[PDB]
Amino acid sequence: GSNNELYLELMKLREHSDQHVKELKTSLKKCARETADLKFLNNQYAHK
Amino acid sequence: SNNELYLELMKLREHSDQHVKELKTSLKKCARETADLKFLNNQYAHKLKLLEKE
């Protein structure tokens, strides 16, 4: 399956890059949530 | 044909890599904002507990 091997390799490279996007997206969501929690406390602190 | 499928997978990979570089930029920017807020909150928390005394 020489044609199959080429398909699997291209699929491998395709998914690896997609998983990297998925990883970075999750990390960005997490950081954005941490920013939200800190800014929430920041607003209650400043309003004193 | 499979060649169209192959070219599709290649195009998907290149778009994802371009998307990766953009995400690394945003993540790096967010990390600084989080660090600034965390540093600012520690000052506010101290200043607030400083006023509670007296």
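Every residue number used here counts from 1 along the chain in the order it is shown.
Technique stated in the header: X-ray crystallography, 2.1 Å.
Just so it is clear, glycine is given a Cβ too, placed from its N, Cα and C backbone atoms.
Per Swiss-Prot, the feature site 'Microtubule binding' maps to A:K22, A:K25, A:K29; the stated evidence is experimental evidence.
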Sequence order please: the recorded sites A:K22, A:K25, A:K29 that have their Cβ under 8 Å from a chain B Cβ, otherwise just none. A:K25
For A:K29 (site 'Microtubule binding'), what is the tally of other C-beta atoms lying within 10 angstroms of its C-beta? 11
If you measure A:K29 (site 'Microtubule binding') to A:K22 (site 'Microtubule binding') at Cα, how many Å is it? 11
